[PDB]
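Pasted below: protein_14.csv, CSV, N, CA and C atoms.
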```
chain,number,residue,atom,x,y,z
A,1,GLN,N,51.6,107.2,90.9
A,1,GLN,CA,53.0,107.1,90.6
A,1,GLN,C,53.5,108.5,90.1
A,2,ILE,N,52.7,109.1,89.3
A,2,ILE,CA,53.0,110.4,88.6
A,2,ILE,C,51.8,111.3,88.5
A,3,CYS,N,52.0,112.6,88.7
A,3,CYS,CA,50.9,113.5,88.6
A,3,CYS,C,51.2,114.6,87.6
A,4,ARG,N,50.2,115.3,87.0
A,4,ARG,CA,50.4,116.3,86.0
A,4,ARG,C,49.4,117.5,86.2
A,5,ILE,N,49.5,118.5,85.5
A,5,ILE,CA,48.6,119.7,85.6
A,5,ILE,C,48.1,120.0,84.3
A,6,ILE,N,46.8,120.6,84.3
A,6,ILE,CA,46.2,121.0,83.0
A,6,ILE,C,45.5,122.3,83.2
A,7,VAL,N,44.8,122.7,82.1
A,7,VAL,CA,44.1,124.0,82.1
A,7,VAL,C,42.7,123.9,81.4
A,8,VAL,N,41.8,124.8,81.8
A,8,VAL,CA,40.5,124.8,81.2
A,8,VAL,C,39.9,126.2,81.1
A,9,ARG,N,38.6,126.3,80.7
A,9,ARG,CA,37.9,127.6,80.6
A,9,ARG,C,36.5,127.5,81.2
A,10,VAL,N,36.2,128.3,82.1
A,10,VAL,CA,34.9,128.3,82.8
A,10,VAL,C,34.2,129.7,82.6
A,11,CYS,N,33.0,129.7,82.0
A,11,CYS,CA,32.3,130.9,81.8
A,11,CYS,C,31.4,131.2,83.0
A,12,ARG,N,32.0,131.9,84.0
A,12,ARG,CA,31.3,132.3,85.2
A,12,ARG,C,31.9,133.6,85.8
A,13,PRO,N,31.4,134.7,85.3
A,13,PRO,CA,30.4,134.8,84.2
A,13,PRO,C,31.1,134.5,82.8
A,14,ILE,N,32.2,135.2,82.6
A,14,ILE,CA,32.9,135.1,81.3
A,14,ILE,C,33.9,133.9,81.3
A,15,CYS,N,34.1,133.3,80.2
A,15,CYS,CA,35.0,132.2,80.1
A,15,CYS,C,36.4,132.6,80.4
A,16,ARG,N,36.8,132.4,81.7
A,16,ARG,CA,38.1,132.8,82.1
A,16,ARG,C,39.1,131.6,82.1
A,17,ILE,N,40.3,131.8,82.5
A,17,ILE,CA,41.3,130.7,82.5
A,17,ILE,C,41.5,130.2,83.9
A,18,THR,N,41.7,128.9,84.0
A,18,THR,CA,41.9,128.2,85.3
A,18,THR,C,42.7,126.9,85.1
A,19,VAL,N,43.6,126.7,86.1
A,19,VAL,CA,44.4,125.5,86.1
A,19,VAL,C,43.8,124.4,86.9
A,20,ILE,N,44.0,123.1,86.5
A,20,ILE,CA,43.4,122.0,87.2
A,20,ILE,C,44.5,120.9,87.3
A,21,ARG,N,44.7,120.5,88.6
A,21,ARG,CA,45.7,119.4,88.8
A,21,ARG,C,45.1,118.1,88.8
A,22,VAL,N,45.9,117.0,88.6
A,22,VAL,CA,45.4,115.7,88.5
A,22,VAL,C,46.5,114.7,88.9
A,23,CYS,N,46.0,113.5,89.3
A,23,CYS,CA,47.0,112.4,89.7
A,23,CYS,C,46.6,111.1,89.1
A,24,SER,N,47.5,110.3,88.6
A,24,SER,CA,47.3,109.0,88.0
A,24,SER,C,48.5,108.1,88.2
```
Show me, as structure tokens, the structure contained in the file I just sent.
Amino acid sequence: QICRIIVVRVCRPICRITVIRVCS
């Protein structure tokens, strides 16, 4: 019905910034 976007941090190698989409 509705979707949103989020963010996280992955250390590969250094903990960088990345956005992650989702749907529910």
By how many Å are atom CA of residue 2 of chain A and atom CA of residue 15 of chain A apart?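 Distance between the two atoms: 29.5 Å.
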What gap, in Å, lies between atom CA of residue 6 of chain A and atom CA of residue 19 of chain A?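 Interatomic distance here is 5.8 Å.
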From the DSSP assignment of the backbone, select every residue of chain A that is strand (DSSP E), and format the answer as a list in words. residues 3, 4, 5, 6, 7, 8, 9, 10, 11, 15, 16, 17, 18, 19, 20, 21, 22 and 23 of chain A
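Atom pair atom C of residue 16 of chain A / atom CA of residue 4 of chain A: separated by 19.4 Å.
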Can you pull out the residues contacting residue 1 of chain A? Cut-off 10 Å, using only C-alpha atoms, and skip same-chain residues under 2 positions away; I want them as a list in words. residues 3, 23 and 24 of chain A
Close residues, residue 17 of chain A itself excluded, 6.5 Å, all atoms listed in the file, min 3 positions apart in chain, as a PDB file with N, CA and C atoms, keeping the file's coordinate frame:
```pdb
ATOM      1  N   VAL A   8      41.800 124.800  81.800  1.00  0.00           N
ATOM      2  CA  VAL A   8      40.500 124.800  81.200  1.00  0.00           C
ATOM      3  C   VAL A   8      39.900 126.200  81.100  1.00  0.00           C
ATOM      4  N   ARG A   9      38.600 126.300  80.700  1.00  0.00           N
ATOM      5  CA  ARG A   9      37.900 127.600  80.600  1.00  0.00           C
ATOM      6  C   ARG A   9      36.500 127.500  81.200  1.00  0.00           C
ATOM      7  N   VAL A  10      36.200 128.300  82.100  1.00  0.00           N
ATOM      8  CA  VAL A  10      34.900 128.300  82.800  1.00  0.00           C
ATOM      9  C   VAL A  10      34.200 129.700  82.600  1.00  0.00           C
TER      10      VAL A  10
END
```
